[PDB]
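One line per chain: the protein sequences are A and B, in this order.
So for the first sequence, the working numbering puts the first residue at 28; every next one is plus one.
So for the second sequence, the working numbering puts the first residue at 69; every next one is plus one.
Cβ coordinates follow ideal geometry from the N, Cα and C atoms, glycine included.
The block underneath contains the structure these notes are about, expressed in structure tokens.
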Amino acid sequence: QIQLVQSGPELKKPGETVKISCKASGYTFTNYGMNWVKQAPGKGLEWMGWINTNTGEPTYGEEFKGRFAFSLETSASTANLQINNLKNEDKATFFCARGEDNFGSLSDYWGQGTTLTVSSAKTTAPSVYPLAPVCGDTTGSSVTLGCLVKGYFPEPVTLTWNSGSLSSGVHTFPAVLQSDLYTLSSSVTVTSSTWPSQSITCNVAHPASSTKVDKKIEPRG
Amino acid sequence: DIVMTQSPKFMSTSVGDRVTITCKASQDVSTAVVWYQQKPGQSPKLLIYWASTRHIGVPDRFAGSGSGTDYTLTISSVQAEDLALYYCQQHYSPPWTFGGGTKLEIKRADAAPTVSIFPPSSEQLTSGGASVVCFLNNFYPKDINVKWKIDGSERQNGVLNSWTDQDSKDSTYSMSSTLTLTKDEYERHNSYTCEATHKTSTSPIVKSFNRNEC
């Protein structure tokens, strides 16, 4: 129905330039305008301005008049935020949303967001480490096994305990940055009947470094 | 610019109960208040506009109200999945200003953490590093302290913690606590411990290990 899928997350060293694309479907592009919003982590949601997909004319908000530039590939129904000279406080997530009415007071149907990690840091690819237990019956007739995905940059990382299949009783924890890199981990609990019996495998993909790992949590005990 | 102000910023209701989230503009904004909802790590969804008009297909259990500079969103029969941040926006005159967002915690009864400690992967020890992971899974309330103790001595540092945000399904929290030593410091010791104090028990919930077969 309306779906606005956006570009994937972007890493860019300070002072650089980025064009974040947003492709519309469901509606007639020209009769609804694009609203762009900044959800910066420790602060909240900010309107950036709005563009008229019929005339092409952008409005900008005060805090955005200057490096932000709205542009549109009408012909493919795409709005793009271009940010120039990436001052570090542009580390945030940018949502494009369809402005219902004229000027975009009502944003109904939002896009999934794109995350700009403005950073001097280098891409480091991860260390996927199978954590089999020192046995320890983790609750009656259950065992919890783990997967430490250390030392990578930038975020994200896709983690699936066996190709999407161990779905219930998984806890992937948020990643945390230790100055230059992140450390992420997941747990999964299974009944004793299932492990070491079947093959639980950590299927970790670092898409920035073209890295896909499958560490089998082998019984080691 | 019209300033929208929300207080408090965190709220806790039980399941099936009610919450009222106050929002407040700094001048009469004539019911031109929109409420969005941002489910943990998703887009906002426009819930209501003009103070009480529900958008297409939000269930009638979300009711808004207001006048002047004082508006409020009420949620009744709070589903475990209403855990999200609620945001008021103003929709009267430019620019469209938002409120800080109020986080809605769901108030489950207590649980106690399924604590579990992990030795280094042999693999990591081969890399010359030694992380000792302790998971503490599915506890309620949110307030858990974990200390690492190597050889009965406290170890405050080298630790990284991360909490899962509250679980939408079974309203609980969960946390990794990671200790990262040098292969030598690791290979110089023997009793590693992860102790957790939580509302669920007076006596420390403690998991310790040194390698043995099972």
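Is residue i close to chain A? Criterion is C-beta to C-beta, closer than 8 Å.
i, result
"B:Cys282", "yes"
"B:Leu228", "yes"
"B:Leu114", "yes"
"B:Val71", "no"
"B:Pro162", "yes"
"B:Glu191", "yes"
"B:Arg279", "yes"
"B:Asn213", "no"
"B:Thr232", "yes"
"B:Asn225", "no"
"B:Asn258", "no"
"B:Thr137", "no"
"B:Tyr155", "yes"
Between residue i and chain B, is any beta-carbon pair separated by less than 8 Å?
i, result
"A:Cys49", "no"
"A:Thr165", "yes"
"A:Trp63", "no"
"A:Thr238", "no"
"A:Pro36", "no"
"residue 249 of chain A", "Outside the displayed range of chain A (28 to 248) lies residue 249 of chain A, so it cannot be described from this structure."
"A:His198", "yes"
"A:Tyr54", "no"
"A:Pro201", "yes"
"A:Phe180", "no"
"A:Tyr156", "yes"
"A:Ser190", "no"
"A:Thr228", "no"
"A:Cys123", "no"
How is residue i classed by DSSP in three states: helix, strand or coil?
i, result
"B:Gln95", "coil"
"B:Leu228", "strand"
"A:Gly178", "strand"
"A:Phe95", "strand"
"A:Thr144", "strand"
"A:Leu133", "coil"
"A:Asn115", "helix"
"A:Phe56", "helix"
"A:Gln33", "strand"
"A:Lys39", "strand"
"A:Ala106", "strand"
"B:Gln106", "strand"
"residue 28 of chain B", "Shown here, chain B extends from 69 to 282; a query on residue 28 of chain B therefore has no answer."
Run through the DSSP bridge pairs and tell me what residue i is partnered with.
i, result
"B:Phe130", "B:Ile143"
"B:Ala264", "B:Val214, B:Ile273"
"A:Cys162", "Paired residues: none, contrary to the question."
"B:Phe166", "B:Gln157"
"B:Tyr208", "B:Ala179"
"B:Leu151", "Answer is none; B:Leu151 lacks a bridge partner."
"A:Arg125", "A:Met61"
"B:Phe78", "B:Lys171"
"B:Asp219", "The partner list for B:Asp219 (beta bridge, DSSP) is empty, contrary to what the question assumes."
"A:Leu186", "A:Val231"
"A:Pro85", "A:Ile78"
"residue 29 of chain B", "There is no way to answer for residue 29 of chain B, as the model of chain B reaches only from 69 to 282."
To which residues of the same chain is residue i closer than 6 Å at the C-beta, ignoring the five residues directly before and after it?
i, result
"A:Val240", "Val155, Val231"
"B:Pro162", "none"
"B:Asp138", "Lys92"
"A:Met61", "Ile78, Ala106, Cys123"
"B:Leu249", "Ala198"
"A:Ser48", "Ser34, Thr105, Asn107"
"A:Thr120", "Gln66, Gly140, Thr142"
"A:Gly138", "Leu31, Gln33, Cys49, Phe122, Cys123"
Would a C-beta distance cut-off of 8 Å place residue i and residue j closer than the cut-off?
i, j, result
"B:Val126", "B:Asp85", "no"
"A:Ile244", "A:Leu172", "yes"
"A:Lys50", "A:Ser104", "yes"
"B:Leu141", "B:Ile89", "yes"
"residue 346 of chain B", "B:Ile273", "Outside the modelled stretch of chain B, which goes from 69 to 282, sits residue 346 of chain B, for which no answer is possible."
"B:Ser242", "B:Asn229", "no"
"B:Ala180", "B:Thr268", "yes"
"A:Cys162", "A:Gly71", "no"
"B:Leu247", "B:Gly220", "no"
"B:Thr232", "B:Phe207", "no"
"B:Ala100", "B:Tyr160", "yes"
Tell me which same chain residues have a C-beta within less than 8 Å of the C-beta of residue i, skipping the five on either side of it?
i, result
"B:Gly169", "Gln74, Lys77, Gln106, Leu153, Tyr154, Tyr155"
"A:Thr44", "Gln109, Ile110, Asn111, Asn112, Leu113"
"A:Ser169", "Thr216, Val217, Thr218, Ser219"
"B:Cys282", "none"
"B:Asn258", "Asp219, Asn278"
The ligand HEM and residue i: does the residue's C-beta get closer than 7 Å to at least one heavy atom of that ligand?
i, result
"A:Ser220", "Among the components modelled here there is no ligand, and therefore nothing to report on the ligand HEM."
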